[PDB]
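From first to last, the protein sequence lines are chains A and B. Going left to right, the first sequence walks through residues 27 to 58, 64 to 100, 126 to 191 as PDB author numbering numbers them. Going left to right, the second sequence walks through residues 28 to 100, 127 to 191 as PDB author numbering numbers them. Below is one structure, written out as structure tokens, with a few remarks after it.
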Amino acid sequence: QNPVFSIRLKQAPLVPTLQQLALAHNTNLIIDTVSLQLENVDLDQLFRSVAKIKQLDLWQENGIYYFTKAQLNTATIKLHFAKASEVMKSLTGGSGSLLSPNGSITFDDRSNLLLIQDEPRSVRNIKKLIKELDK
Amino acid sequence: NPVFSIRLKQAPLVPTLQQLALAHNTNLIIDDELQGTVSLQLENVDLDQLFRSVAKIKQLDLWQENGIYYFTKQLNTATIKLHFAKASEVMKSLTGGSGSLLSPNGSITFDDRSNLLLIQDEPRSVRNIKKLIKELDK
């Protein structure tokens, strides 16, 4: 009975990720939870390979879900000016609920796409609201 | 051809993740699939606080490193405890210049943390490298 912003972080496939990482070709990488064994003739290069793996961001983000822990409509809005997250902070400011208990919004600052699912009137009025905020 | 070798082990995730989730008032669901991967579901009533939780998780160093191993891909053994130099710097000096430092049956394992050097090779090899290391250790 209390609205939350939600995000899923999925750890990237290790083998493809490491293969795409621009390590020195002289670094031999062996995979064995998981262990990595790194080999190089040059200590400085070996350290730089280690540093590259450590600096590696393995977490893939999957869009942001906003929801509450009979007929439902769905609308998708593409923003042309404003950021989805700024629009969402604006829409969800204050104590009152934006959506009914069954409503949800999926949004993304990368694509600037907002997907709202809720009862028909809620969907109608929020879509209009999002539209006036697109600037 | 002699190589340096280092093992990277994946650090324990569970406790640190829940601690840094609680600090931003973020709910954390760890989804751990046996024949798959680990997923995190993060929840916060505030969007900005959720982003900060995400950033903090992204900033976490996932890898722990054991000592470096130097080897060829009667033996004597010697532990050398350094007092002034870094083990890795000594190793760069020792292995710098052409030619092998150790015999093919030789190995060194070292660590800049405890700043120890452990050498295993034919006795004369151990002797002279131990001497060389002690000259470099100032």
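Beta carbons: idealized from backbone N, C-alpha and C, even for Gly.
Any chain A beta carbon closer than 7 Å to residue i
| i | result |
| --- | --- |
| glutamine 37(B) | yes |
| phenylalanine 163(B) | no |
| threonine 53(B) | no |
Cutoff 7 Å: residue i Cβ touching any chain B Cβ
| i | result |
| --- | --- |
| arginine 34(A) | yes |
| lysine 187(A) | no |
| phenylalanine 31(A) | yes |
| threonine 64(A) | yes |
Residue of the options minimising C-alpha distance to residue i
| i | options | result |
| --- | --- | --- |
| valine 81(B) | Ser32(A), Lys100(A), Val179(A) | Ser32(A) |
| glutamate 188(B) | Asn158(B), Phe137(B), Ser156(B) | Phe137(B) |
| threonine 132(B) | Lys139(B), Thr162(B), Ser146(B) | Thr162(B) |
| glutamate 70(B) | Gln62(B), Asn181(B), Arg79(B), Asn93(B) | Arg79(B) |
| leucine 74(B) | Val143(A), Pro42(A), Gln91(A) | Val143(A) |
| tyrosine 96(A) | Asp165(A), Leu135(A), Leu49(A) | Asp165(A) |
| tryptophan 90(B) | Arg177(A), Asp88(A), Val179(A), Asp190(A) | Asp88(A) |
| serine 167(B) | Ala140(B), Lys191(B), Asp58(B) | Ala140(B) |
| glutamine 45(A) | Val72(A), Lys36(A), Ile84(A), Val65(A) | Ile84(A) |
| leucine 155(B) | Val41(B), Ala50(B), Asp59(B), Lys183(B) | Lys183(B) |
| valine 30(B) | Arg177(B), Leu170(B), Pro157(B) | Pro157(B) |
| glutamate 175(A) | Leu49(A), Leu128(A), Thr43(A), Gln68(A) | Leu128(A) |
| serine 146(A) | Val179(A), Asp190(A), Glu92(A), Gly94(A) | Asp190(A) |
| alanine 38(A) | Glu92(A), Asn28(A), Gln68(A) | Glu92(A) |
Where residue i falls: helix, strand or coil (DSSP)
| i | result |
| --- | --- |
| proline 29(B) | strand |
| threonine 53(A) | coil |
| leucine 35(A) | strand |
| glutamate 60(B) | coil |
| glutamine 45(B) | helix |
Neighbour flag for residue i against chain D, beta carbons, 7 Å
| i | result |
| --- | --- |
| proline 176(A) | This model lacks chain D altogether, as its protein chains are A and B. |
Item to complete: Give, in chain order, every residue of the stretch 67-81 of chain B whose Cβ lies closer than 9 Å to some Cβ of chain A.
Response: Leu67, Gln68, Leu69, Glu70, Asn71, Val72, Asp73, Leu74, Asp75, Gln76, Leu77, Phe78, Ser80, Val81
Worksheet item: Which ranges would you report for the beta strand (DSSP E) in the stretch 64-89 of chain A if only whole runs of at least 3 residues count?
Response: 66-71
Worksheet item: Along the stretch 84-95 of chain B, what residues have a CB closer than 8 Å to any CB found in chain A?
Response: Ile84, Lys85, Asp88, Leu89, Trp90, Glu92, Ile95
Item to complete: Identify every run of the alpha helix (DSSP H) within the stretch 131-180 of chain A, keeping only runs that are complete inside it and at least 4 residues long; order them along the chain.
Response: 140-148
Discussion item. Residues of the stretch 130-153 of chain A in Cβ contact with chain B at a cutoff of 9 Å, in chain order, please.
Written reply: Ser141, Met144, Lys145, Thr148
Worksheet item: Mind listing which residues of the stretch 169-184 of chain A have their C-beta closer than 7 Å to chain B's C-betas, in chain order?
Response: none
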